[PDB]
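The chain that follows stands alone, in the form deposited in one PDB entry, written as structure tokens.
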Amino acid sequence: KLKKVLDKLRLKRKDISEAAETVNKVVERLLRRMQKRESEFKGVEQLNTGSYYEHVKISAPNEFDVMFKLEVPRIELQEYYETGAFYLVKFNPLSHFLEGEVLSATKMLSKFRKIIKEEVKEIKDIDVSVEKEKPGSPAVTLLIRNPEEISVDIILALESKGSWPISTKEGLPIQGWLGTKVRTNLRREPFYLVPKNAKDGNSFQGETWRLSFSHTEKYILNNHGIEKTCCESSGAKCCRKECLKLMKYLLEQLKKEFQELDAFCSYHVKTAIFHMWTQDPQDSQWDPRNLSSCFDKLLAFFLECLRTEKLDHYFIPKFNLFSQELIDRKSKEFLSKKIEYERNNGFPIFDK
């Protein structure tokens, strides 16, 4: 039943190679342009992120996420009104994006965007354009057409190599699951800042950046067991990723049908399951034979998050992704009724 759904959701090697070969050409070309004729983004490095590179992309290989990360030493952060996740950056190639020592996200994103657009114009063996800028998005989104519509988000990121900001001190609670050595090593990796980029008429709007832990999330997805052999060729398979896929599909299906659910996103699902993985750390609590129970307990957990208006960021405990300020109580109650319905009627929306 749920196994037959996962069969449908499974990507096909044919579609994967056709998608990947075209995506790599465009990314490769954009990346080379960044390290050229004294461009402000010379030295920028590529880091593949998101569902496709975590092997939890469902249905089709039609959306890819790439981080163009730039190392910036000597930066100091100021936390933006105790939000936990938003910061001003302060201190040179990047001199054109400054204003009284404060690095403007929107100025930097604009030039980044301008360059990409120019480079996309010079591609004439692929049908590829740049999507209209959505406010509140750090991404420059490319729309490719070959066998299929394919989205690529190119995400500008500042890379800092110092210790993670204090707001994350109590985050990443993997001690009982992946352990203290994994946590210490992960926290020795750099942290990343992407441009917030909203037009919410607030102070420091265009100079605000948001933390990103996509690199850490990637490691976790691909190293997700308490046993080192979880899902390896001499280990036992778990159903952790399969649950993620199923929850992701439920949300996508609902989202494409109801615009009441615009505020919700797959990152909500990803964050919830990270908490569940912490709560149930044993690989045996994610046995393939117990896919139904496992999926069901995930749904149950997500409903509790919705009811209590509380789903803390996994890395930044005080940043509540389900705050009244972010998502209306009505939106949450709408999604609760929709989830509850599917759960109690055999998930009819899986058959669409």
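Superpose the two forms; the largest set of C-alphas matching within 1.5 Å is the rigid core. Quick note: we count residues from 1 along the sequence shown, nothing fancier.
What comes next is about the form deposited in another entry, which is not displayed.
Query - Out of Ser160, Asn197, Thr216, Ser167, the residue that alone shifts its CA by 2 Å or more between the shown form and the other one when the rigid core is the reference - result: After core superposition, the single residue displaced by 2 Å or more is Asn197.
Requested in this report: Since the C-alpha distance between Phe86 and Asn202 changes by 3 Å or more in that other deposited form, give its direction relative to the shown form: closer or farther.
Outcome: Farther apart in that other deposited form, by 3 Å or more.
Query raised in the report: Versus the form shown, are the CA atoms of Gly201 and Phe112 closer or farther apart in that other deposited form, given a shift of 3 angstroms or more?
Result: So the answer is farther.
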